[PDB]
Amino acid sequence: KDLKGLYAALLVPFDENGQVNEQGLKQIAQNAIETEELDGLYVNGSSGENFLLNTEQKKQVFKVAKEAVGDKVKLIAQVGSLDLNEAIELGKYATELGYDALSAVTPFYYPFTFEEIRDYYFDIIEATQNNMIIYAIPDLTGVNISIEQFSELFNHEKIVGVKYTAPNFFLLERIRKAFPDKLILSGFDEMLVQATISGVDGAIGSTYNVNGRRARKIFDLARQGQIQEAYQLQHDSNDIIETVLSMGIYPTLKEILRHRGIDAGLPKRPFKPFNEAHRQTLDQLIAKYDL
C-alpha cells in the first residue's frame, strides 16, 4: 500500500493489574476506523502505553489490532525498544501478521552516538526485511536528528519515511524539500494545519481516536486552499487538545471513548486514572464538540 493518510495512534485499555483488555482494545480499533473514518492504525506507539508493556503484551496488542480491522486498513507497527533483540522479535512477529511497515523510536535513555542509532535501524531492517519509518520524538527522548543524519538514514531504500514530531517547521520544510519521495507523517495534532501546508503526506495522532473527522477536514481543506476554514477547525481541535492535555491525555481520551459505550478500562500504572475533579469540564467539552 501507499502509506499516505491519517492514522490513529491506538490507545489500549487495561485492568487494575495492568493487563490488556482485548475486548476493549478491539472496540477502540473499530472506533478509529469505522466511526472516526481513519485510514489506518499506528500500533504500540507512545499513545498505546507501549513502553510500559512486556514483550508478550506487545504481541497481544499487534494480534488484536490486526484481527479487528479489514484488509484495506493500513497498519504500522511500532517495535522500537531499548532491547534490540526484542525489537527484532517484535518486528518479525508484526511482519508475519501482515503489518504494512515497521516503525521504531530512536534509542533513548543512554547517550547513544548517531552511528549507534543508525545501525539500530539498519539491524532491525536486516532481520525483518520490512520497510521502516523513523519515529522522531525529541520531546520524550531528548534525541534530535539533523538533516545530515536524516540524509544518511534515508539513503537506505527500506527507510521509507518518518513520523515527525519536533516542533520545528524550518527543519520540516528542509526535509520535505530534500526528500520529496519519502513519507512524512506529522505527529503533532495541535499543528496539523501547519504540517499540512508544509507538505506532509498525512499524520498520526492520539486525539484522532476521538476527533478524526475534524482532523480529516483540516487536512483536506488546507490542501484545497480553504485555509481560513481549515484553521477554524484547528482552533476547535486545539480547544479539545488543550483540554485533554490539562486532564491527562491518554486516560482522558479513553474516558471520551467510554462515553461512546466502549470498555475503555484504566491506564497502566504508574499512570493514574482520570481524576473525577475534571468530570464536569470534560462533559462540557464533549457536549460543545459532539465527541
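When you see a residue number, it is the position in the sequence shown, counting from 1.
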{"property": "Third-or-more of other entries without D139", "result": "yes"}
{"property": "Between the two ranges 227-235 and 260-268, the one averaging a larger CA B factor in the entry", "result": "260-268"}
{"property": "Which of 76-84 and 168-176 has higher mean CA B factor, as the PDB entry lists it", "result": "76-84"}
{"property": "Selection by C-alpha B-factor (highest) of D220, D201, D139, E190", "result": "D139"}
{"property": "Residue selected from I125, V105, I117, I197 by maximal Cα B factor", "result": "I125"}
{"property": "Chain-wide C-alpha B factor ranking for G98, given as lowest, middle or highest third", "result": "highest"}
{"property": "Ranked against its chain, the third holding the CA B-factor of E242", "result": "lowest"}
{"property": "Assigned third (lowest, middle, highest) for the C-alpha B factor of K182", "result": "middle"}
{"property": "B-factor third for the C-alpha atom of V69 within its chain", "result": "highest"}
{"property": "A277 CA temperature factor, ranked by third within the chain", "result": "highest"}
